[PDB]
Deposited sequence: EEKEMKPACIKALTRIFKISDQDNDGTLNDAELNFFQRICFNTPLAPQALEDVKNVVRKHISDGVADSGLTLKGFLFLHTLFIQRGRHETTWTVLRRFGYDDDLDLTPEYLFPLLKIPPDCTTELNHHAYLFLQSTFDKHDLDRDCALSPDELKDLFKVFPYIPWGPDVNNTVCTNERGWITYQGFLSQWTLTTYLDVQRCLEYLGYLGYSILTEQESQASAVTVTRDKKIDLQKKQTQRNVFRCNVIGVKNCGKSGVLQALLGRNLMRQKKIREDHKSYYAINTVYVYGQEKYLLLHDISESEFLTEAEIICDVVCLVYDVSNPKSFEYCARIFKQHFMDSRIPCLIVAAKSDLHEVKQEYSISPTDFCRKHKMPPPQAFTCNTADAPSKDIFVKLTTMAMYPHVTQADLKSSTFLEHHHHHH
């Protein structure tokens, strides 16, 4: 029949196939019937349907589970008809309108975020994404190969992730998005563009599979930053840090260090797949938090953060002046914590040409001492600065 209807039903099947085995078993079938038609068929009434399929087509029932061809056959057996309410009942249940398109109410639910508030995923939202990952990790490598990513995006109308995502979150030795990196990308997406995240949850059928009113049920909205500073206490799990410094001072090296990549692996990164964001889990005093690094290129929007990482290059006499300049310019009379990082510590330190030395600058403006850092290590770079950067974002008042 009409290709648009078949494409919609095909996607619905995929969403309904929660174990991604290519068939709908009795457990998945009953769930489907319950959300579409209130009540599932009796165990024998189900094998009656399966028999009807078996007598017409041979590839409609496999492991005593309904295949896509059998699913389409049913709706086709359902399409001779009069019968047309039952297919449309399924279509409407999965957010489609009369033109076989996902409704705006389904894809873009209303979610107002007050100023200076951030968006995170609740515990149940994460558990859904964890299930989503395992569903498509059919090789159990705890990573999504390009083929498995392609499989995951088959419910998407477009490819949601570019090749720069692999340079934004944790990947394995061959550049494949890790289970933890998968969660990080979703964490990153919810924080920066919650509207985009909700839309992606719609394509995955979050509200349907988890039986909630809207995709917005997955999002937790943190309280006002002003209150966090007043109470001197926050409940946020995700903190953003702006990385600021002159060109070629090693900012990109810092972001990639958070992902556990040393300098030479970073030299394997294609320039067209470069990312100006990096996010990974960080432990602070036994607490697991998310650190969100944003590489600010040297050029109110790009200053909003929970902590500032002022990076300078020790092999560059001109570099530290920028950190001083920007600090005085925007962060001197601010309650946002600042940390100075002496990047490229592996290189020979050159005398900085600023009027005051980096060390005394920190003590005068009552900042922590300049933090030595290098992403040029034999193994993975140290995550010390990231723990410290996160600790300061959690406790600015210290």
{"query": "Chain regions without C-alpha coordinates, deposited sequence numbering", "finding": "1-4, 304-307, 407-424"}
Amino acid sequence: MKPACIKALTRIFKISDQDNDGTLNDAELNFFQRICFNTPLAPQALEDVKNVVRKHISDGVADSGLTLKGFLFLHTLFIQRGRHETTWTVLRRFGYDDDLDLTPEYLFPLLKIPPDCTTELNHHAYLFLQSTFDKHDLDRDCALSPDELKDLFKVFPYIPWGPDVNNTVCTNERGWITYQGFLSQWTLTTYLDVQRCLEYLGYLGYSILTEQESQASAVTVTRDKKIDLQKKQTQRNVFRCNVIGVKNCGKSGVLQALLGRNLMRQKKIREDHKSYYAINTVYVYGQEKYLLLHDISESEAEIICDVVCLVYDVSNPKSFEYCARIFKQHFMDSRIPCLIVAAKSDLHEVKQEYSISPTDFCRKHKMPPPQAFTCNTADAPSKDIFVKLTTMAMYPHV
From here on, numbers count along this sequence of modelled residues.
{"property": "Segment of higher mean CA temperature factor, 190-198 or 265-273", "result": "265-273"}
{"property": "Of 79-87 and 139-147, the one with larger mean CA B-factor", "result": "79-87"}
{"property": "Deposited CA B-factor, highest of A278, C309, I303, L152", "result": "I303"}
{"property": "Selection from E120, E288, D228, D295 [criterion: highest C-alpha temperature factor in the record]", "result": "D228"}
{"property": "Among modelled residues of the same chain, the CA temperature factor third for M394", "result": "middle"}
{"property": "Third of chain Cα B-factors occupied by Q329", "result": "middle"}
{"property": "Ranked C-alpha temperature factor of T10 among modelled chain residues, by third", "result": "lowest"}
{"property": "CA B-factor ranking of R223, expressed as a third of its chain", "result": "middle"}
{"property": "Third assignment of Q130 from its chain's C-alpha B-factors", "result": "middle"}
